[PDB]
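**Q** The following file, run23.txt, comprises compact mmCIF, C-alpha atoms and all ligand atoms:
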```txt
# COMPACT_ATOMS: atom_id res chain seq x y z
CA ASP Q 21 7.07 3.40 251.62
CA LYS Q 22 8.58 0.70 249.40
CA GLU Q 23 5.62 1.26 247.11
CA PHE Q 24 6.37 4.99 247.32
CA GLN Q 25 10.01 4.45 246.32
CA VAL Q 26 9.06 2.40 243.26
CA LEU Q 27 6.59 5.07 242.09
CA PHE Q 28 9.19 7.74 242.75
CA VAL Q 29 11.79 5.92 240.64
CA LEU Q 30 9.30 5.17 237.86
CA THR Q 31 8.25 8.82 237.83
CA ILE Q 32 11.84 9.98 237.67
CA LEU Q 33 12.53 7.63 234.75
CA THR Q 34 9.43 8.84 232.89
CA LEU Q 35 10.46 12.49 233.31
CA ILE Q 36 14.01 11.75 232.21
CA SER Q 37 12.68 10.18 229.03
CA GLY Q 38 10.54 13.23 228.28
CA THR Q 39 13.43 15.54 229.14
CA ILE Q 40 15.70 13.77 226.69
CA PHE Q 41 13.02 13.51 224.01
CA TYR Q 42 11.85 17.14 223.99
CA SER Q 43 15.39 18.51 224.37
CA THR Q 44 16.43 16.57 221.26
CA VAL Q 45 13.49 16.49 218.88
CA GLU Q 46 11.80 19.74 219.92
CA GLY Q 47 15.06 21.55 220.63
CA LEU Q 48 14.16 22.65 224.16
CA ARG Q 49 16.72 23.45 226.82
CA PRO Q 50 16.82 20.46 229.18
CA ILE Q 51 15.20 22.47 232.00
CA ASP Q 52 12.34 23.55 229.69
CA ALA Q 53 12.01 19.93 228.53
CA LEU Q 54 11.68 18.68 232.13
CA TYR Q 55 9.24 21.46 233.03
CA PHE Q 56 7.15 20.73 229.91
CA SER Q 57 7.13 17.00 230.66
CA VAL Q 58 5.80 17.67 234.15
CA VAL Q 59 3.26 20.28 232.98
CA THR Q 60 2.08 17.73 230.40
CA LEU Q 61 1.80 14.56 232.51
CA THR Q 62 0.14 16.32 235.48
CA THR Q 63 -2.35 17.50 232.86
CA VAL Q 64 -1.80 21.18 233.64
CA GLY Q 65 -0.81 21.94 230.05
CA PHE Q 66 -0.03 25.70 230.07
CA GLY Q 67 0.99 25.44 226.43
CA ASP Q 68 3.90 27.85 226.73
CA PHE Q 69 5.81 24.94 225.33
CA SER Q 70 4.07 22.50 223.01
CA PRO Q 71 5.51 20.19 220.32
CA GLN Q 72 5.91 21.81 216.90
CA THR Q 73 7.01 18.71 214.95
CA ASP Q 74 4.89 15.71 214.00
CA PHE Q 75 7.37 13.43 215.75
CA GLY Q 76 6.84 15.54 218.87
CA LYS Q 77 3.06 15.46 218.56
CA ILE Q 78 3.01 11.70 218.11
CA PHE Q 79 5.39 11.10 221.04
CA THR Q 80 3.24 13.44 223.14
CA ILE Q 81 0.07 11.42 222.51
CA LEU Q 82 1.80 8.21 223.64
CA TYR Q 83 3.69 9.85 226.51
CA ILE Q 84 0.40 11.16 227.89
CA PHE Q 85 -1.37 7.78 227.74
CA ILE Q 86 1.58 5.90 229.26
CA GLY Q 87 2.67 8.54 231.78
CA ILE Q 88 -0.53 9.96 233.27
CA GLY Q 89 -1.17 6.71 235.14
CA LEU Q 90 2.08 6.47 237.05
CA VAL Q 91 2.43 10.21 237.60
CA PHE Q 92 -0.97 10.30 239.27
CA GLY Q 93 -0.20 7.00 240.98
CA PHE Q 94 2.91 8.64 242.44
CA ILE Q 95 1.06 11.81 243.37
CA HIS Q 96 -1.65 9.80 245.12
CA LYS Q 97 0.76 7.86 247.34
CA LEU Q 98 2.82 10.97 248.01
CA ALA Q 99 -0.40 12.54 249.29
CA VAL Q 100 -1.68 9.48 251.18
CA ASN Q 101 1.55 7.78 252.38
CA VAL Q 102 3.73 10.86 252.99
CA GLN Q 103 1.85 14.15 253.31
CA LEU Q 104 -1.12 12.69 255.18
CA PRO Q 105 0.88 11.16 258.05
CA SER Q 106 3.05 14.25 258.54
CA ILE Q 107 -0.01 16.53 258.66
CA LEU Q 108 -1.66 14.26 261.26
CA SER Q 109 1.56 14.23 263.33
CA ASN Q 110 1.58 18.02 263.37
CA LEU Q 111 -1.85 18.06 265.00
CA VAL Q 112 -1.20 15.71 267.90
CA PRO Q 113 -1.90 17.12 271.40
CA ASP K 21 -16.21 19.05 259.14
CA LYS K 22 -13.04 19.08 261.25
CA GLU K 23 -11.40 17.26 258.37
CA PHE K 24 -12.85 19.92 256.06
CA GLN K 25 -11.38 22.73 258.17
CA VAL K 26 -7.90 21.21 258.11
CA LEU K 27 -8.00 20.82 254.31
CA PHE K 28 -9.32 24.35 254.00
CA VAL K 29 -6.46 25.75 256.09
CA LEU K 30 -3.85 23.65 254.29
CA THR K 31 -5.22 24.81 250.95
CA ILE K 32 -5.15 28.43 252.04
CA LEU K 33 -1.53 28.06 253.17
CA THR K 34 -0.54 26.43 249.88
CA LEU K 35 -2.13 29.25 247.86
CA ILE K 36 -0.50 31.90 250.03
CA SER K 37 2.88 30.34 249.36
CA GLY K 38 2.28 30.37 245.61
CA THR K 39 0.94 33.92 245.80
CA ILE K 40 4.07 35.12 247.55
CA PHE K 41 6.40 33.12 245.31
CA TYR K 42 5.00 34.17 241.92
CA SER K 43 4.49 37.79 243.01
CA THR K 44 8.18 37.97 243.97
CA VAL K 45 10.14 35.82 241.55
CA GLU K 46 7.84 36.10 238.52
CA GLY K 47 6.85 39.70 239.25
CA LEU K 48 3.09 39.11 239.14
CA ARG K 49 0.58 41.32 240.90
CA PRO K 50 -0.53 39.43 244.03
CA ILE K 51 -4.02 38.86 242.59
CA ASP K 52 -2.54 37.40 239.36
CA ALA K 53 -0.20 35.27 241.50
CA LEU K 54 -3.13 33.84 243.49
CA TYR K 55 -5.20 33.27 240.35
CA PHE K 56 -2.24 31.55 238.64
CA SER K 57 -1.60 29.36 241.68
CA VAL K 58 -5.21 28.20 241.65
CA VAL K 59 -5.30 27.71 237.85
CA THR K 60 -2.11 25.65 238.21
CA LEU K 61 -2.96 23.39 241.17
CA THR K 62 -6.51 22.63 239.94
CA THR K 63 -4.75 21.57 236.75
CA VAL K 64 -6.73 23.96 234.56
CA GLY K 65 -3.57 25.67 233.31
CA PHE K 66 -4.86 28.39 230.93
CA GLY K 67 -1.28 29.56 230.43
CA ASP K 68 -2.15 33.25 230.36
CA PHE K 69 0.38 33.38 233.14
CA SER K 70 3.23 30.89 233.19
CA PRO K 71 6.70 31.14 234.79
CA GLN K 72 9.34 32.80 232.61
CA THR K 73 12.36 32.24 234.87
CA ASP K 74 14.11 28.95 235.60
CA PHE K 75 13.54 29.49 239.32
CA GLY K 76 9.84 29.83 238.52
CA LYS K 77 9.79 26.72 236.35
CA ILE K 78 11.55 24.65 238.98
CA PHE K 79 9.28 25.89 241.80
CA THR K 80 6.28 25.16 239.56
CA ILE K 81 7.28 21.51 239.07
CA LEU K 82 7.55 21.01 242.85
CA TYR K 83 4.48 23.10 243.68
CA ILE K 84 2.41 20.95 241.32
CA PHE K 85 3.58 17.63 242.81
CA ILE K 86 3.14 18.81 246.40
CA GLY K 87 -0.05 20.86 245.92
CA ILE K 88 -2.25 18.82 243.57
CA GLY K 89 -2.89 16.25 246.29
CA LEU K 90 -4.26 18.54 248.97
CA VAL K 91 -6.08 20.83 246.55
CA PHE K 92 -7.98 17.88 245.15
CA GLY K 93 -8.32 16.45 248.66
CA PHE K 94 -9.96 19.73 249.69
CA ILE K 95 -12.14 19.85 246.58
CA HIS K 96 -13.31 16.29 247.18
CA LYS K 97 -14.45 16.90 250.76
CA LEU K 98 -15.97 20.23 249.82
CA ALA K 99 -18.03 18.30 247.27
CA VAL K 100 -18.82 15.30 249.51
CA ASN K 101 -19.02 16.86 253.01
CA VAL K 102 -20.47 20.28 252.14
CA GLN K 103 -22.13 20.52 248.73
CA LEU K 104 -23.63 17.03 248.81
CA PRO K 105 -25.56 17.46 252.08
CA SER K 106 -26.91 20.90 251.15
CA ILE K 107 -28.13 19.63 247.76
CA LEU K 108 -29.89 16.67 249.44
CA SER K 109 -31.49 19.04 252.00
CA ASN K 110 -32.88 21.16 249.17
CA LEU K 111 -34.74 18.16 247.78
CA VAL K 112 -36.53 17.01 250.92
CA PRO K 113 -40.36 16.77 250.68
CA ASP V 21 -31.05 7.67 236.92
CA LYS V 22 -32.70 10.01 239.42
CA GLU V 23 -29.22 10.72 240.71
CA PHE V 24 -28.17 11.31 237.09
CA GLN V 25 -30.99 13.81 236.54
CA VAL V 26 -30.05 15.83 239.62
CA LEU V 27 -26.40 16.01 238.54
CA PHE V 28 -27.50 16.94 235.03
CA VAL V 29 -29.67 19.79 236.32
CA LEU V 30 -26.98 21.00 238.74
CA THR V 31 -24.44 20.95 235.93
CA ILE V 32 -26.74 22.88 233.64
CA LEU V 33 -27.31 25.50 236.34
CA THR V 34 -23.57 25.83 236.98
CA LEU V 35 -22.86 26.35 233.27
CA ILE V 36 -25.67 28.88 232.95
CA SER V 37 -24.16 30.88 235.79
CA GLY V 38 -20.74 30.89 234.12
CA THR V 39 -22.31 31.73 230.77
CA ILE V 40 -24.07 34.74 232.25
CA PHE V 41 -21.05 35.83 234.27
CA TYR V 42 -18.42 35.70 231.52
CA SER V 43 -20.77 37.16 228.90
CA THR V 44 -21.37 40.16 231.17
CA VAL V 45 -18.17 40.89 233.04
CA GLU V 46 -15.67 39.55 230.49
CA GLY V 47 -17.73 40.64 227.48
CA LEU V 48 -17.78 37.24 225.77
CA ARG V 49 -20.45 36.18 223.32
CA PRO V 50 -22.78 33.81 225.19
CA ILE V 51 -21.58 30.82 223.16
CA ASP V 52 -17.92 31.64 223.97
CA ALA V 53 -18.92 32.11 227.62
CA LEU V 54 -20.54 28.65 227.74
CA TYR V 55 -17.62 27.03 225.91
CA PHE V 56 -15.13 28.73 228.27
CA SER V 57 -17.11 27.64 231.33
CA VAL V 58 -17.01 24.03 230.17
CA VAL V 59 -13.32 24.17 229.16
CA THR V 60 -12.60 25.61 232.62
CA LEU V 61 -14.62 23.27 234.87
CA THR V 62 -13.56 20.09 233.02
CA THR V 63 -10.04 21.36 233.70
CA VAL V 64 -9.06 21.35 230.03
CA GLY V 65 -8.20 25.05 230.09
CA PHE V 66 -7.09 25.82 226.49
CA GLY V 67 -6.70 29.46 227.46
CA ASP V 68 -8.04 30.81 224.17
CA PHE V 69 -10.42 32.60 226.46
CA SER V 70 -9.30 33.56 229.95
CA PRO V 71 -10.54 36.34 232.28
CA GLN V 72 -8.85 39.71 231.75
CA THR V 73 -10.46 41.58 234.66
CA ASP V 74 -9.80 41.10 238.36
CA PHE V 75 -13.49 40.46 238.93
CA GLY V 76 -13.23 37.71 236.31
CA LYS V 77 -10.11 36.22 237.87
CA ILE V 78 -11.64 36.17 241.33
CA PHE V 79 -14.92 34.64 240.10
CA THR V 80 -12.87 32.05 238.19
CA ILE V 81 -11.02 30.91 241.31
CA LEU V 82 -14.32 30.36 243.15
CA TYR V 83 -16.13 28.90 240.15
CA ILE V 84 -13.38 26.30 239.78
CA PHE V 85 -13.46 25.23 243.45
CA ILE V 86 -17.26 25.06 243.55
CA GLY V 87 -17.85 23.65 240.06
CA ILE V 88 -15.15 21.00 239.54
CA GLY V 89 -16.82 18.70 242.05
CA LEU V 90 -20.26 18.51 240.50
CA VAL V 91 -19.01 18.60 236.91
CA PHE V 92 -16.83 15.57 237.57
CA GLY V 93 -19.61 14.05 239.67
CA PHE V 94 -21.90 14.40 236.64
CA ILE V 95 -19.28 13.07 234.25
CA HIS V 96 -18.66 10.06 236.47
CA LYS V 97 -22.32 9.00 236.61
CA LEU V 98 -22.79 9.72 232.93
CA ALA V 99 -19.93 7.28 232.34
CA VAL V 100 -21.02 4.68 234.92
CA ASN V 101 -24.84 4.93 234.86
CA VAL V 102 -25.40 5.75 231.17
CA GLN V 103 -22.48 4.96 228.87
CA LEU V 104 -21.44 1.78 230.68
CA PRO V 105 -24.82 0.01 230.41
CA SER V 106 -25.31 0.94 226.74
CA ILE V 107 -21.83 -0.34 225.83
CA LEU V 108 -22.50 -3.64 227.64
CA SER V 109 -25.88 -3.97 225.85
CA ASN V 110 -24.15 -3.57 222.50
CA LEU V 111 -21.97 -6.59 223.23
CA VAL V 112 -24.64 -9.10 224.17
CA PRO V 113 -24.71 -12.35 222.12
CA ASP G 21 -7.77 -7.99 229.40
CA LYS G 22 -11.09 -8.36 227.58
CA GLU G 23 -12.20 -5.27 229.45
CA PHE G 24 -8.95 -3.62 228.35
CA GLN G 25 -9.60 -4.48 224.69
CA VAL G 26 -13.10 -2.98 224.77
CA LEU G 27 -11.80 0.26 226.32
CA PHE G 28 -8.99 0.32 223.78
CA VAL G 29 -11.42 -0.04 220.87
CA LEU G 30 -13.84 2.53 222.31
CA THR G 31 -10.96 4.95 222.81
CA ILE G 32 -9.75 4.43 219.27
CA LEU G 33 -13.25 5.07 217.92
CA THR G 34 -13.60 8.24 220.00
CA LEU G 35 -10.27 9.59 218.72
CA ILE G 36 -11.15 8.74 215.13
CA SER G 37 -14.36 10.72 215.46
CA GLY G 38 -12.48 13.75 216.80
CA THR G 39 -9.83 13.35 214.12
CA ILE G 40 -12.44 13.40 211.38
CA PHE G 41 -14.42 16.22 212.97
CA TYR G 42 -11.56 18.67 213.58
CA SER G 43 -9.88 17.88 210.26
CA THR G 44 -13.12 18.77 208.46
CA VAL G 45 -14.81 21.56 210.37
CA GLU G 46 -11.72 23.19 211.88
CA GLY G 47 -9.51 22.49 208.87
CA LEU G 48 -6.71 20.78 210.79
CA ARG G 49 -4.31 18.32 209.23
CA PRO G 50 -5.43 14.84 210.35
CA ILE G 51 -2.36 14.43 212.57
CA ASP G 52 -3.05 17.79 214.29
CA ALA G 53 -6.70 16.76 214.65
CA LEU G 54 -5.73 13.49 216.38
CA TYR G 55 -3.17 15.22 218.59
CA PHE G 56 -5.73 17.91 219.54
CA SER G 57 -8.38 15.28 220.31
CA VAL G 58 -5.99 13.51 222.66
CA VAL G 59 -4.76 16.75 224.29
CA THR G 60 -8.41 17.69 224.81
CA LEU G 61 -9.86 14.44 226.22
CA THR G 62 -6.90 13.79 228.56
CA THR G 63 -7.65 17.29 229.81
CA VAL G 64 -4.14 18.56 229.10
CA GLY G 65 -5.44 21.32 226.83
CA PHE G 66 -2.26 23.12 225.63
CA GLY G 67 -4.42 25.34 223.45
CA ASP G 68 -1.99 25.41 220.54
CA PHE G 69 -4.98 24.16 218.66
CA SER G 70 -8.46 25.16 219.78
CA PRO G 71 -11.73 25.39 217.80
CA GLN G 72 -12.29 28.71 216.04
CA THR G 73 -15.82 28.06 214.74
CA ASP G 74 -19.02 27.86 216.76
CA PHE G 75 -19.67 24.39 215.37
CA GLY G 76 -16.23 23.42 216.66
CA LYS G 77 -16.84 24.96 220.08
CA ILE G 78 -20.18 23.23 220.45
CA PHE G 79 -18.81 19.84 219.34
CA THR G 80 -15.91 20.33 221.76
CA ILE G 81 -18.23 20.82 224.75
CA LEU G 82 -20.06 17.57 223.94
CA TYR G 83 -16.92 15.65 222.98
CA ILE G 84 -15.38 16.52 226.34
CA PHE G 85 -18.41 15.38 228.38
CA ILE G 86 -18.82 12.15 226.40
CA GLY G 87 -15.13 11.33 225.92
CA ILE G 88 -13.43 12.14 229.24
CA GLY G 89 -15.11 9.17 230.90
CA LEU G 90 -13.93 6.44 228.57
CA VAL G 91 -10.51 7.98 227.96
CA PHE G 92 -9.82 8.00 231.69
CA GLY G 93 -11.50 4.60 231.99
CA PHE G 94 -9.03 3.30 229.39
CA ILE G 95 -6.08 5.03 231.03
CA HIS G 96 -7.01 3.57 234.41
CA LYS G 97 -7.12 -0.04 233.20
CA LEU G 98 -4.00 0.45 231.12
CA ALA G 99 -2.30 1.52 234.35
CA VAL G 100 -3.87 -1.15 236.59
CA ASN G 101 -4.27 -4.15 234.23
CA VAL G 102 -1.19 -3.67 232.01
CA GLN G 103 1.50 -1.41 233.45
CA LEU G 104 1.07 -2.56 237.05
CA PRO G 105 1.62 -6.29 236.39
CA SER G 106 4.65 -5.71 234.14
CA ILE G 107 6.29 -3.44 236.73
CA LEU G 108 5.72 -6.06 239.46
CA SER G 109 7.18 -8.79 237.19
CA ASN G 110 10.31 -6.71 236.70
CA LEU G 111 10.93 -6.69 240.44
CA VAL G 112 10.69 -10.40 241.15
CA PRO G 113 13.75 -12.00 242.84
K K L 201 -6.46 18.79 233.79
K K L 202 -5.36 21.44 231.69
K K L 203 -3.29 26.39 227.78
K K L 204 -4.41 23.72 229.89
```
Rewrite the coordinates I just gave you, this time as structure tokens.
Ligand SMILES: [K+]
Ligand SMILES: [K+]
Ligand SMILES: [K+]
Ligand SMILES: [K+]
**A**
Amino acid sequence: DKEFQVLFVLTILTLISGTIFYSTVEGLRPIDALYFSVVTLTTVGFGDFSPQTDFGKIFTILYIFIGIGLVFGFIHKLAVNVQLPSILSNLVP
Amino acid sequence: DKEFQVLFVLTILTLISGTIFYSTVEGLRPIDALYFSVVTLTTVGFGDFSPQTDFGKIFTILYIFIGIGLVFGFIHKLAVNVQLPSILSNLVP
Amino acid sequence: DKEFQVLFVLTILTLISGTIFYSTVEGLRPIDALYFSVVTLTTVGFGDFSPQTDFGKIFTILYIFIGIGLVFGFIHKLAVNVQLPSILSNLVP
Amino acid sequence: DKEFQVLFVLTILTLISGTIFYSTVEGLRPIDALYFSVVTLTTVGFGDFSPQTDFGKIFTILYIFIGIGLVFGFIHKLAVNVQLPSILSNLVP
């Protein structure tokens, strides 16, 4: 759970950075910037938002390489250290 | 296989929740809501459907973080506990 | 390598099924059907092609769940049993 | 770290090949070609750029199968051999 808290914090910080970047450089509303950051790093990539400027494209390349690892790290421990135990506890006779 | 049944149920429940959410808040036909939920959680993300409302964007962020884990959990055991054995059995001299 | 050949065959068969399905039901040229099948199962999902009919949407949900496992299985052994050794061999003093 | 350097080089080479291919055959500006290559191999797939020619579609199928493995290989060691240690070092009393 201490591991989970660190991943949670790191993930929050990563998403804040994307929110601030895309809101500024790509002109997105903050909520659309956050949404886009999440859709990007979880590799869903709907493409309803995508960077139009070269600065945005370049940041996006780096953001993906740096962020995918910890976002999926976080997701994995969420699933294994949080969701898994609660599901098991729901089953117990 | 008992593990497989729990993942199957959990996956069904997750997809039902997305179906109901997107049908209501985003106004999708139920079938398009289900399809979109699956396209989202499996991280394919075609983007033919994507949330237009802030409520939908916010739900989508959370749905992704919560759902990716069990959807890929389910997929993994489907592949390893169901598809794998049947493929092996097809090969046997 | 025998494992690699089975995954290769299974992957080919999966892509043929998608090629035939999308060419017929969704009216795609065979090459676009194959391309779309690959873009779908590798979870890239550009969305330049996406199913427009309910039959296509329903097939796509099932195709994703069934196909992701073996496509990524194949990719993983391609990377570990084929690409890895060749890269190592290129390095050897 | 020697492993990390090899993956880094291999990833660079893979992205250069995509940059050159899409710039030429699909007529993209080099920066858009690089961006698209990364968006493709990391499986984000926004679809703002996607191949329009059959040559491009065929290359893309092969590029995905060959490139996903080493791109995710690189990402994984970046996360585990580079980001992980630095994060731990930031925590130390
Ligand atoms: K993906
Ligand atoms: K995707
Ligand atoms: K897309
Ligand atoms: K996508």
**Q** Would you list which chain Q residues are within 9 Å of chain V using all atoms listed in the file, as an mmCIF file with C-alpha atoms, in the coordinates of the input?
**A**
```
data_model
loop_
_atom_site.group_PDB
_atom_site.id
_atom_site.type_symbol
_atom_site.label_atom_id
_atom_site.label_comp_id
_atom_site.auth_asym_id
_atom_site.auth_seq_id
_atom_site.Cartn_x
_atom_site.Cartn_y
_atom_site.Cartn_z
ATOM 1 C CA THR Q 63 -2.350 17.500 232.860
ATOM 2 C CA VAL Q 64 -1.800 21.180 233.640
ATOM 3 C CA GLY Q 65 -0.810 21.940 230.050
ATOM 4 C CA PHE Q 66 -0.030 25.700 230.070
ATOM 5 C CA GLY Q 67 0.990 25.440 226.430
#
```
**Q** Go through Q:30, Q:45, Q:59, Q:40 one by one, measure the shortest atom-to-atom distance of each to ligand K 201 (chain L) using only C-alpha atoms and all ligand atoms, and give the residue with the smallest value.
**A**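 Looking at the shortest contact to ligand K 201 (chain L), the residue is Q:59.
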**Q** Mind giving me the straight-line distance from atom CA of residue 56 of chain K to atom CA of residue 69 of chain K in Å, one decimal?
**A**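 These atoms are spaced 6.4 Å apart.
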**Q** Could you check which of G:60, G:53, G:100, G:79 is closest to ligand K 204 (chain L), using all atoms listed in the file?
**A**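 Of all the options, G:60 lies closest to ligand K 204 (chain L).
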**Q** Residues near residue 37 of chain V, anyone? I mean within 10 Å using all atoms listed in the file, not counting same-chain ones fewer than 4 positions away, as a list in words.
**A** residues 31, 32, 33, 41, 42, 43, 53, 54, 57 and 83 of chain V
**Q** Pick from Q:80, Q:44, Q:51, Q:62: nearest to ligand K 202 (chain L), with all atoms listed in the file counted?
**A** Q:62
**Q** From the options K:107, K:87, K:77, K:68, which residue's atoms come nearest to ligand K 204 (chain L), counting all atoms listed in the file?
**A**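 Nearest candidate to ligand K 204 (chain L) out of K:107, K:87, K:77, K:68: K:68.
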**Q** One number please: atom CA of residue 58 of chain K to atom CA of residue 89 of chain K, in Å, one decimal.
**A**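 These two atoms are separated by 13.0 Å.
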**Q** Considering only C-alpha atoms and all ligand atoms, can you say which of K:26, K:47, K:81, K:61 comes closest to ligand K 202 (chain L)?
**A**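 Among the listed residues, K:61 lies closest to ligand K 202 (chain L).
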**Q** Could you check which of V:35, V:29, V:109, V:88 is closest to ligand K 201 (chain L), using all atoms listed in the file?
**A** V:88
**Q** In Å, how far is it from atom CA of residue 106 of chain V to atom CA of residue 101 of chain G?
**A** 22.9 Å
